[PDB]
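Shown below, as C-alpha coordinates, is a lone chain in the form solved without the DNA; questions about how it binds or moves come after it.
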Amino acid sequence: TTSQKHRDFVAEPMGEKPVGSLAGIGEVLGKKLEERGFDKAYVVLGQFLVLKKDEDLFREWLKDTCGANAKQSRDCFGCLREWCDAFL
(Lines give C-alpha, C1' and ligand atoms only; values in the text may rest on other atoms or scores of the structure.)
Protein backbone atom coordinates (compact mmCIF):
# COMPACT_ATOMS: atom_id res chain seq x y z
CA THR A 1 0.00 0.00 0.00
CA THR A 2 0.98 3.64 -0.48
CA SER A 3 0.72 6.95 1.31
CA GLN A 4 -0.80 10.05 -0.27
CA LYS A 5 2.70 11.56 -0.02
CA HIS A 6 3.88 8.79 -2.35
CA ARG A 7 1.00 9.24 -4.78
CA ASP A 8 1.49 13.02 -4.86
CA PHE A 9 5.20 12.58 -5.67
CA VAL A 10 4.76 10.00 -8.42
CA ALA A 11 2.01 12.01 -10.15
CA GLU A 12 4.12 14.86 -11.49
CA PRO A 13 7.62 16.04 -12.43
CA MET A 14 9.59 16.68 -9.25
CA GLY A 15 11.31 19.87 -10.44
CA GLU A 16 12.93 21.60 -7.47
CA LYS A 17 10.88 19.85 -4.78
CA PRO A 18 12.75 19.59 -1.46
CA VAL A 19 14.06 16.24 -0.33
CA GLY A 20 11.22 16.08 2.20
CA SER A 21 8.65 15.56 -0.57
CA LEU A 22 9.93 11.99 -0.96
CA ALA A 23 7.81 9.30 0.67
CA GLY A 24 9.56 8.17 3.84
CA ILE A 25 11.69 11.31 4.24
CA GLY A 26 10.40 13.17 7.28
CA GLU A 27 11.78 16.18 9.08
CA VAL A 28 14.60 14.28 10.78
CA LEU A 29 15.77 12.34 7.71
CA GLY A 30 15.42 15.44 5.54
CA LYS A 31 17.66 17.53 7.80
CA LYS A 32 20.40 14.89 7.77
CA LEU A 33 20.15 14.61 3.99
CA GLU A 34 20.37 18.39 3.53
CA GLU A 35 23.44 18.51 5.79
CA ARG A 36 25.15 16.00 3.48
CA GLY A 37 24.33 17.89 0.27
CA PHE A 38 21.04 16.21 -0.71
CA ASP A 39 18.82 19.26 -0.39
CA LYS A 40 16.45 18.52 -3.31
CA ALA A 41 14.52 15.39 -4.27
CA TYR A 42 16.32 15.26 -7.62
CA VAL A 43 19.71 14.86 -5.88
CA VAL A 44 18.43 11.67 -4.24
CA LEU A 45 17.00 10.60 -7.62
CA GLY A 46 20.54 11.13 -8.91
CA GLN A 47 21.94 8.64 -6.40
CA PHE A 48 19.15 6.18 -7.23
CA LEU A 49 20.15 6.43 -10.91
CA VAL A 50 23.94 6.23 -10.33
CA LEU A 51 23.22 3.02 -8.43
CA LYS A 52 21.31 1.71 -11.47
CA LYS A 53 18.02 1.62 -9.53
CA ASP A 54 19.34 -1.24 -7.39
CA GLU A 55 16.97 -1.60 -4.46
CA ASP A 56 19.34 -3.21 -1.97
CA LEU A 57 22.20 -0.79 -2.66
CA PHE A 58 20.00 2.32 -2.69
CA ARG A 59 18.20 1.44 0.55
CA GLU A 60 21.55 0.65 2.21
CA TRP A 61 23.03 3.93 0.97
CA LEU A 62 20.05 5.79 2.43
CA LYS A 63 20.42 4.08 5.82
CA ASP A 64 24.15 4.85 5.85
CA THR A 65 23.60 8.47 4.83
CA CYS A 66 20.68 9.67 6.96
CA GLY A 67 19.69 6.75 9.22
CA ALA A 68 16.51 5.71 7.43
CA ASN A 69 14.94 2.57 8.88
CA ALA A 70 13.59 -0.21 6.69
CA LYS A 71 10.11 1.29 6.28
CA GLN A 72 11.42 4.76 5.48
CA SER A 73 13.93 3.42 2.96
CA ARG A 74 11.32 1.11 1.44
CA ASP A 75 8.96 4.07 1.03
CA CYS A 76 11.63 6.32 -0.47
CA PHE A 77 12.84 3.63 -2.89
CA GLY A 78 9.32 2.82 -4.08
CA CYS A 79 8.40 6.44 -4.78
CA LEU A 80 11.56 7.00 -6.82
CA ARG A 81 11.05 3.72 -8.71
CA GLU A 82 7.44 4.59 -9.61
CA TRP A 83 8.41 8.16 -10.49
CA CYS A 84 11.03 6.86 -12.92
CA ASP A 85 8.57 4.40 -14.49
CA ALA A 86 6.29 7.38 -15.23
CA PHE A 87 8.73 10.10 -16.26
CA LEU A 88 12.25 8.91 -17.04
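Note that residue numbering follows the sequence shown and begins at 1.
- Higher mean CA temperature factor, per the PDB entry, when comparing 16-24 with 76-84: 16-24.
- The PDB entry records a higher mean C-alpha B factor for 64-72 than for its counterpart among 5-13 and 64-72.
- Split the chain's modelled residues into thirds by C-alpha temperature factor. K40 is in the middle one.
- In the PDB entry, a CA B factor belonging to the lowest third of its chain's modelled residues is recorded for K52.
Not pictured, yet referred to below: the form deposited with the DNA bound.
- Annotation: in the bound PDB entry, residues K40, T65 and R81 none come within 4.5 Å of the DNA through any heavy atom.
- Contact annotation for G26: at least one heavy atom lies within 4.5 Å of the DNA in the bound PDB entry.
- Proximity of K53 to the DNA in the bound PDB entry falls outside the 4.5 Å heavy atom cutoff.
- Shown alone here, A70 lies within 4.5 Å of the DNA in the bound PDB entry, counting heavy atoms only.
- Looking at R74, you'd find a heavy atom of it within 4.5 angstroms of the DNA in the bound PDB entry.
- For the partner-free chain shown, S3, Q4, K5, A23 of 1-23 come within 4.5 angstroms of the DNA in the bound PDB entry, judged by any non-hydrogen atom.
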